[PDB]
Amino acid sequence: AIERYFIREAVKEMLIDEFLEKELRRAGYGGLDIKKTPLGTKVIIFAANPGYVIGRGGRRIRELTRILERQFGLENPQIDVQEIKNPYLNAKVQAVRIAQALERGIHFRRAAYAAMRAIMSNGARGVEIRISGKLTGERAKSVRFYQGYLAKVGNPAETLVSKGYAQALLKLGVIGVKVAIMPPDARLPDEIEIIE
Amino acid sequence: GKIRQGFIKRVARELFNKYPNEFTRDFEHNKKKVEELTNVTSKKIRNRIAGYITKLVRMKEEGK
Amino acid sequence: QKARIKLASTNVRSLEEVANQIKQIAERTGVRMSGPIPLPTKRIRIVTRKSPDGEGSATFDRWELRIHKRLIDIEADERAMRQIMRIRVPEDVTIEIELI
Amino acid sequence: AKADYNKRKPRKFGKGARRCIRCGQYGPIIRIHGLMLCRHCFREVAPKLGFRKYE
RNA sequence: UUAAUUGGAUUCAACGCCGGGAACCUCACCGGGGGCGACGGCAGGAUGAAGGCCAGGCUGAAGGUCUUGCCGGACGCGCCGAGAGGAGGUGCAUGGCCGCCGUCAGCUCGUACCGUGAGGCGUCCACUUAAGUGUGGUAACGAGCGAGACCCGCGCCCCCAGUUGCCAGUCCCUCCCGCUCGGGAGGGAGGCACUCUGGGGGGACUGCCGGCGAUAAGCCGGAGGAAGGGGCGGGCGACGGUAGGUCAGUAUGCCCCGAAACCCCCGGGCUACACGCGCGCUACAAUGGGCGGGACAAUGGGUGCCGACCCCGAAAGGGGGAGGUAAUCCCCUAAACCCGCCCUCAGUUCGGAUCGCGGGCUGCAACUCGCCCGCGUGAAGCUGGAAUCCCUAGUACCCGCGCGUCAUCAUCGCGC
RNA sequence: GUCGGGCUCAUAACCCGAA
Ligand SMILES: [Mg+2]
Ligand SMILES: [Mg+2]
Ligand SMILES: [Mg+2]
Ligand SMILES: [Mg+2]
Ligand SMILES: [Mg+2]
Ligand SMILES: [Mg+2]
Ligand SMILES: [Mg+2]
Ligand SMILES: [Mg+2]
Ligand SMILES: [Mg+2]
Ligand SMILES: [Mg+2]
Ligand SMILES: [Mg+2]
Ligand SMILES: [Mg+2]
Ligand SMILES: [Mg+2]
Ligand SMILES: [Mg+2]
Ligand SMILES: [Mg+2]
Ligand SMILES: [Mg+2]
Ligand SMILES: [Mg+2]
Ligand SMILES: [Mg+2]
Ligand SMILES: [Mg+2]
Ligand SMILES: [Mg+2]
Ligand SMILES: [Mg+2]
Ligand SMILES: [Mg+2]
Ligand SMILES: [Mg+2]
Ligand SMILES: [Mg+2]
Ligand SMILES: [Zn+2]
């Protein structure tokens with residue numbers, strides 16, 4: 001029946017998104033979108049360095065089209081590569097960037113403060129970052145960085161805040177990175193104004 | 001406990017001062033006035049604000 | 001000589017938009033169109049245990065997916081059928097047209 | 001033929017005929033409406049599929 | 001106890017928990033049998049490496065090995081590195097998730113001020129609140145996260161909409177009754193009234209009245225009202241701690257195995273049984289048991305499927321098969337309850353454990369170790385010591401039903 | 001005195017049943 005049709009579409013998109021998440025980690029992957037046309041399927045991919053996805057004049061778009069058509073269930077795909085709309089308001093991108101900075105060898109506090117500075121300058125109401133794992137020794141710990149306005153409990157926190165998570169694999173083990181960001185156009189229920 | 005909320009009181013005090021000759025001791029009239037003079041979107045919040053404005057009008061008119 | 005149009009979506013606004021556009025097309029021409037009939041909403045509820053292990057008090061999540069539906073009847077006239085056949089619904093909407 | 005002794009028998013029923021499409025686990029598989037996902041995996045991807053916790 | 005009876009969890013917060021209802025699989029345990037080393041290089045190899053077979057032995061069964069002799073053409077585990085894979089160790093090396101403290105009212109910040117300093121102040125006092133919820137006073141004045149606001153559903157009213165849902169009034173046709181003045185039942189035309197479905201809107205604000213408190217914050221009692229004082233039921237759990245649980249869901253460091261601790265196949269085991277314990281089911285009967293007759297649901301689910309309707313059979317079941325990708329067809333004419341008759345306080349016409357014989361279904365397989373039906377058989381139990389659990393209204397008690405798991409199997413979980 | 005169960009985070013004391 002009809003319910004089975006909607007579930008099949010959702011699962012395939014989730015599998016494709018996860019495969020692209022891991023595959024395009026160096027390109028600053030920032031989501032995808034799929035549109036259905038009478039000739040086939042238009043697949044739009046978002047990234048920071050589209051040259052990496054293109055991969056030195058093709059030889060990689062062909063591979064990805066073959067993967068999409070064979071392994072996954074798209075018929076006659078066509079991949080376009082675009083640019084991220086508001087990268088500093090996307091928690092997932094920032095979590096991946098902080099994780100890569102940690103993998104390079106920067107100290108965790110400096111990386112966290114740099115990311116917060118960029119996010120706040122780019123027009124966000126608030127940001128919260130948490131970093132957990134074996135930071136400075138064999139006994140694990142968690143550290144939290146914060147500034148601005150950020151709702152945490154209730155329906156507004158669910159529908160307004162952008163959330164992201166990433167793992168950073170260092171020589172001693174993994175380090176978890178969590179990011180939350182609230183946009184400039186977010187308005188809480190208790191913020192009323194008088195119509196002048 | 002029916003303790004009035006802070007932001008309701010703040011906005012009702014702001015509305016009352018700006019238009020002293022706009023709110024009466026009628027709940028329906030004040031409800032329509034709150035509807036026209038703000039961007040409040042919740043029906044519950046509008047009613048709370050209108051009720052507090054009614055109490056303010058009768059408290060100041062009585063002279064406290 | 002009548003066509004039956006079936007619509008379904010997870011979003012109420014888009015569904016409403018498509019139905020209103022078809023209604024405007026049926027208004028723009030001399031043709032009777034039975035109003036969009038709302039069929040009962042399909043609900044998919046799944047209940048799961050929250051913990052990965054089996055220690056501690058048992059607690060549960062109740063996840064829900066809602067699929068809304070509409071039904072529209074119109075008389076198959078080509079001057080009116082061309083306008084409706086060229087409409088593009090958003091990708092999150094299923095549309096099916098049949099002739100009865 | 002030696003590779004014959006590595007190969008699995010293709011069952012059609014039992015716990016061995018169903019694996020999670022995300023992590024490969026046997027066992028607690030949610031079969032509702034054609035999903036094939038473990039209880040563990042369904043919890044963390046349910047929002048991406050469009051499910052919500054209304055109550 | 002055993003060849004093995006695989007492992008985790010032990011006060012609340014372990015013990016129908018790990019969605020753990022395991023015949024194979026699952027599987028990690030036990031007995032036995034086979035297979036696997038990308039890439040670098042050593043002996044080697046067309047005078048053919050590695051790999052593959054008709055027949056018959058060994059064998060539980062096997063070109064696995066062997067015998068009998070055929071095949072094919074290029075890499076090379078007889079060797080050293082190296083690697084794949086690992087439900088192997090470590091939750092006291094970690095990430096993520098979850099339980100508890102606790103939906104408790106807490107945790108903090110900027111500047112000022114106090115103390116040599118650790119620190120203090122705000123965050124204290126009175127009254128008030130479900131609430132660090134508020135109103136006044138104050139070396140504090142202000143602010144953030146949590147509370148509340150917010151989101152989903154239930155109960156009343158209006159507008160729009162009329163199919164696959166509804167049938168009151170109206171017209172025709174057919175058949176019944178007390179023979180038709182009157183009363184019923186189908187079918188068709190027709191309609192959207194009513195029920196219902198689902199988009200939008202209204203409605204409740206301590207707003208009105210009288211008291212207490214201060215004339216503040218609020219509290220107590222009345223009207224009107226579908227609804228009255230978070231209206232009712234849910235989702236959402238702050239800074240942290242608990243070396244709480246989980247590497248046996250997935251991710252991951254180190255250590256190990258690496259011709260076996262990796263990968264497959266067959267048969268066993270997780271279902272053992274002097275005994276201690278948790279949570280339940282069925283009873284100990286009349287506030288009942290049996291036999292015939294009569295009533296009224298809701299949630300959900302269906303193409304690897306739900307199956308009306310006809311035929312066959314005493315039953316379980318068997319042979320055909322309309323419609324259904326579903327407001328259309330099906331699961332689907334619930335039980336507790338009501339009427340009449342037998343039994344009359346008894347280990348019984350209470351109870352139905354245990355066992356014999358026979359008939360079925362699913363499955364590759366029913367002994368170990370599955371579920372159903374007919375006849376027979378007829379254990380303990382006659383109300384429960386010391387202790388101890390749940391629940392404040394459509395709640396508790398009592399009664400059945402749907403879905404998950406699922407080829408078959410529900411004394412369970414989640415819902416009606 | 002023996003054995004078993006209660007109570008306690010647990011042991012002793014204490015309570016109950018039995019041979
Ligand atoms: Mg709240
Ligand atoms: Mg055990
Ligand atoms: Mg079983
Ligand atoms: Mg087994
Ligand atoms: Mg721990
Ligand atoms: Mg505390
Ligand atoms: Mg000083
Ligand atoms: Mg203090
Ligand atoms: Mg405090
Ligand atoms: Mg003090
Ligand atoms: Mg507060
Ligand atoms: Mg409430
Ligand atoms: Mg521990
Ligand atoms: Mg413990
Ligand atoms: Mg067991
Ligand atoms: Mg009997
Ligand atoms: Mg009867
Ligand atoms: Mg007897
Ligand atoms: Mg027999
Ligand atoms: Mg048997
Ligand atoms: Mg006796
Ligand atoms: Mg008796
Ligand atoms: Mg169970
Ligand atoms: Mg003792
Ligand atoms: Zn899984």
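Below, all heavy atoms of this structure are taken into account, side chains as well, without hydrogens, waters or symmetry copies. Protein chains get the first letters and strands the later ones, always in sequence-line order, with residue 1 at the start of each.
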Pull out every residue in [range] that has a heavy atom closer than 4.0 Å to any atom of RNA chain E, ordered by number, or say none.
{"range": "residues 19-36 of chain C", "result": "C:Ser34, C:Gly35, C:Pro36"}
{"range": "residues 40-55 of chain D", "result": "D:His40, D:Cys41, D:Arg43, D:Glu44, D:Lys53, D:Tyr54, D:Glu55"}
{"range": "residues 173-181 of chain A", "result": "A:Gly173, A:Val174, A:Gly176, A:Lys178"}
{"range": "residues 116-124 of chain A", "result": "none"}
{"range": "residues 20-27 of chain A", "result": "none"}

- State the sugar conformation of E:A261 as north or south, using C1'-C2'-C3'-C4' as the deciding torsion. south

- Message: Going strictly by the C1'-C2'-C3'-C4' torsion (positive north, negative south), how would you label E:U128?
- Response: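 It is north, as the sign of the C1'-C2'-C3'-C4' dihedral turns out positive.
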
- Do both conditions hold for E:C281 and E:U282, namely six-membered ring centres separated by less than 5.5 Å and ring planes inclined at less than 30°? yes

- Query: Does the pair E:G122/E:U123 satisfy a centre-to-centre distance of less than 5.5 Å between six-membered base rings together with a plane angle of less than 30°?
  - Reply: yes

Can you measure [X] atom [atom1] to [N] atom [atom2] for me and round it to whole angstrom units?
{"X": "D:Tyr5", "N": "E:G63", "atom1": "OH", "atom2": "P", "answer": "8 Å"}
{"X": "C:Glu55", "N": "E:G91", "atom1": "CD", "atom2": "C1'", "answer": "12 Å"}
{"X": "B:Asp26", "N": "E:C205", "atom1": "CG", "atom2": "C1'", "answer": "12 Å"}
{"X": "A:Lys134", "N": "E:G91", "atom1": "NZ", "atom2": "P", "answer": "14 Å"}
{"X": "B:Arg10", "N": "E:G142", "atom1": "CZ", "atom2": "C1'", "answer": "15 Å"}

side-chain N/O [X] vs [N] OP1/OP2, d < 4.0 Å:
{"X": "C:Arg70", "N": "E:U197", "answer": "no"}
{"X": "D:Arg18", "N": "E:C406", "answer": "yes"}
{"X": "D:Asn6", "N": "E:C264", "answer": "no"}
{"X": "C:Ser51", "N": "E:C18", "answer": "no"}
{"X": "B:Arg4", "N": "E:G148", "answer": "no"}
{"X": "C:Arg45", "N": "E:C416", "answer": "no"}
{"X": "B:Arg48", "N": "E:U206", "answer": "yes"}
{"X": "C:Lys6", "N": "E:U163", "answer": "no"}
{"X": "D:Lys2", "N": "E:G64", "answer": "yes"}
{"X": "A:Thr159", "N": "E:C150", "answer": "no"}
{"X": "D:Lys9", "N": "E:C266", "answer": "yes"}

- Query: Between A:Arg125 and A:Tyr149, do the side chains contain an N or O donor and an N or O acceptor separated by less than 3.5 Å?
  - Reply: no

- Query: Under 3.5 Å, is there a donor-acceptor pair between the A:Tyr52 and A:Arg60 side chains?
  - Reply: no

- Query: Between A:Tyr29 and A:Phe46, does the ring centre distance come in under 6.0 Å?
  - Reply: no

- Contact class for B:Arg58 (heavy atom, under 4.0 Å): base, sugar-phosphate, or nothing? sugar-phosphate

- Query: How is B:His29 classified with respect to the nucleic acid when contacts are heavy atoms under 4.0 Å: base, sugar-phosphate, or nothing?
  - Reply: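 Contact class for B:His29: none.
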
Name the pairing partner of [N], where a pair is Watson-Crick or G-U wobble with both distances under 3.5 Å, or state none.
{"N": "E:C337", "answer": "E:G294"}
{"N": "E:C127", "answer": "E:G134"}
{"N": "E:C416", "answer": "E:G400"}
{"N": "E:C160", "answer": "E:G198"}

Side chain of [X] (C-beta onward), nearest among [options]:
{"X": "C:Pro38", "options": "E:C239, E:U103, E:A161", "result": "E:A161"}
{"X": "C:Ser57", "options": "E:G207, E:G199, E:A13", "result": "E:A13"}
{"X": "B:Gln5", "options": "E:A149, E:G203, E:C414", "result": "E:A149"}
{"X": "D:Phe13", "options": "E:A407, E:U94, E:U26", "result": "E:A407"}
{"X": "D:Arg31", "options": "E:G230, E:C98, E:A407", "result": "E:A407"}
{"X": "D:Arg8", "options": "E:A149, E:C205, E:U26", "result": "E:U26"}
{"X": "D:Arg39", "options": "E:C414, E:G198, E:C18", "result": "E:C18"}
{"X": "A:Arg144", "options": "E:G301, E:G240, E:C152", "result": "E:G240"}
{"X": "A:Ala140", "options": "E:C239, E:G249, E:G95", "result": "E:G95"}
{"X": "C:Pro52", "options": "E:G249, E:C17, E:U164", "result": "E:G249"}

- Please confirm whether any donor atom in the side chain of C:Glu16 sits under 3.5 Å from an acceptor in the base of E:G199, or the reverse.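 In this structure, the two groups form no donor-acceptor pair.
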
- Message: At less than 3.5 Å, do the side-chain atoms of B:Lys43 and the base atoms of E:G203 form a donor-acceptor pair?
- Response: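 In this structure, the two groups form a donor-acceptor pair.
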
- Task: Report the residue (A:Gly154 or A:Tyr149) whose heavy-atom-nearest nucleotide on RNA chain E is the more 5′ of the two.
- Result: A:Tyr149

- B:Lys44 or A:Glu158, whichever maps to the more 5' nucleotide of RNA chain E: B:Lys44

Between protein and nucleotides 125-127 of chain E, what N or O pairs are separated by less than 3.5 Å?
none

- Using atom types as modelled and distance alone, determine if a side-chain donor or acceptor of A:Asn86 lies under 3.5 Å from a backbone N or O of A:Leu89.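 A pair under 3.5 Å: no.
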
- Where the side chain of D:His40 meets the backbone of C:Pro52, is there a donor-acceptor pair that is under 3.5 Å apart? yes

- Message: Run A:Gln94 and A:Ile181 through side chain to side chain contact (heavy atoms under 4.5 Å, CB included) and show every step you take.
- Response: CA-CA 10 Å; A:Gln94 302 304 316; A:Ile181 298 171; 4.3 Å; yes

- If anything within 90° of 0 is syn and all else is anti, what is E:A46?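 Judged by the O4'-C1' to base torsion, E:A46 sits in syn, the angle falling within 90° of 0.
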
- Query: Is NZ or CZ of A:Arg97 both nearer than 6.0 Å to the six-membered ring centre of A:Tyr88 and within 45° of the ring axis?
  - Reply: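 Yes - A:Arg97 lies over the ring of A:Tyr88, closer than 6.0 Å to its centre and within 45° of its axis.
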
- Message: Can you classify the ring geometry of D:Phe42 versus C:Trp63 as parallel (below 30°), tilted (30 to 60°) or perpendicular (above 60°)?
- Response: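 Plane angle over 60°, so perpendicular.
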
